[PDB]
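The block underneath contains the structure these notes are about, expressed in structure tokens.
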Ligand SMILES: Nc1nc2c(ncn2[C@@H]2O[C@H](COP(=O)(O)OP(=O)(O)NP(=O)(O)O)[C@@H](O)[C@H]2O)c(=O)[nH]1
Ligand SMILES: [Ca+2]
Ligand SMILES: [Ca+2]
Ligand SMILES: [Mg+2]
Ligand SMILES: [Mg+2]
């Protein structure tokens, strides 16, 4: 069957692990344990296609983000995550988008922009601000909550549908 290699990137603490774990394991991780590099694999049906999702959960902390560059190389699509209550994480999306272009050596890489923690009310990144960034990249913007599951499946499945357009 088809295997989709997804890579989740973004600043420390934005919810990359919580998103992946909600998708794969159907529970919310409340605690904050910084990731080095973890992998998840699950067979799913997406739009009638039996798929294997291979998901790489990467480090957002600079301290633990050593061999990030090497493990991202095989990625077929990237979830670029920021948190809607963390303006700096939004501003830093460009650093990831540019690192992605490097490891893939292409200007046309399947990507989805994700604004996570949308259950929170201390919002400092407005939807329209993120829509504009996504539009500049020619990619979708989707908001998610790893806590409530809002948008979680839609974000990962949208990334698969972006990979299929390339
Ligand atoms: N309210 C709320 N909290 C969230 C959400 N997603 C993650 N969190 C919280 O934010 C903290 C960090 O989440 P985590 O998934 O570990 O972040 P990360 O991006 O993987 N961090 P790292 O890059 O260091 O591995 C945790 O306390 C987690 O419960 C969300 O959608 N809503
Ligand atoms: Ca593949
Ligand atoms: Ca812990
Ligand atoms: Mg993590
Ligand atoms: Mg503002």
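Backbone-built Cβ (ideal geometry, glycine too); neighbour counts: all protein chains shown. Nothing in this text is a laboratory measurement; each read-out follows from the coordinates by a stated rule.
Of note:
- In this entry, residue 155 passes the filter for residues that are within 12 Å of ligand 1 (Cβ to nearest atom) and in a helix (DSSP H, G or I).
- Picking from residues in segment 1-56 that are part of a loop (DSSP other than H, G, I, E, B) and in contact with a strand residue (DSSP E or B) (Cβ under 6 Å, 6 or more places away or on another chain), the one that is surrounded by the fewest Cβ atoms within 10 Å (Cβ to Cβ) is 1.
- Among the residues making up segment 4-37, those that are within 12 Å of ligand 4 (Cβ to nearest atom) and under 24 Å from residue 50 (Cβ atoms) are 8, 19, 20, 21.
- Options 91, 31; residue that is more than 21 Å from residue 151 (Cβ to Cβ), free of Cβ contacts under 8 Å to residues at least 24 places away in the same chain and within 16 Å of ligand 3 (Cβ to nearest atom): 31
Yes/no matrix, rows are residues, columns are (1) within 12 Å of ligand 1 (Cβ to nearest atom); (2) over 15 Å from the mean Cα position of the chain (by Cα):
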residue	(1), (2)
39	no, no
50	no, yes
72	no, no
84	yes, no
88	no, yes
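- Of the residues making up segment 57-97, those that are over 26 Å from residue 153 (Cβ atoms) and in a helix (DSSP H, G or I) are 69, 70, 73, 87, 88, 91, 94, 95.
- Selection over segment 131-152 of residues that are within 13 Å of residue 111 (Cβ to Cβ) and within 16 Å of ligand 1 (Cβ to nearest atom) gives a count of 2.
- Taking the conditions (1) surrounded by fewer than 17 Cβ atoms within 10 Å (Cβ to Cβ); (2) over 15 Å from the mean Cα position of the chain (by Cα); (3) away from ligand 2 (no atom under 16 Å from the Cβ) in turn, residue 65 satisfies each one other than (1).
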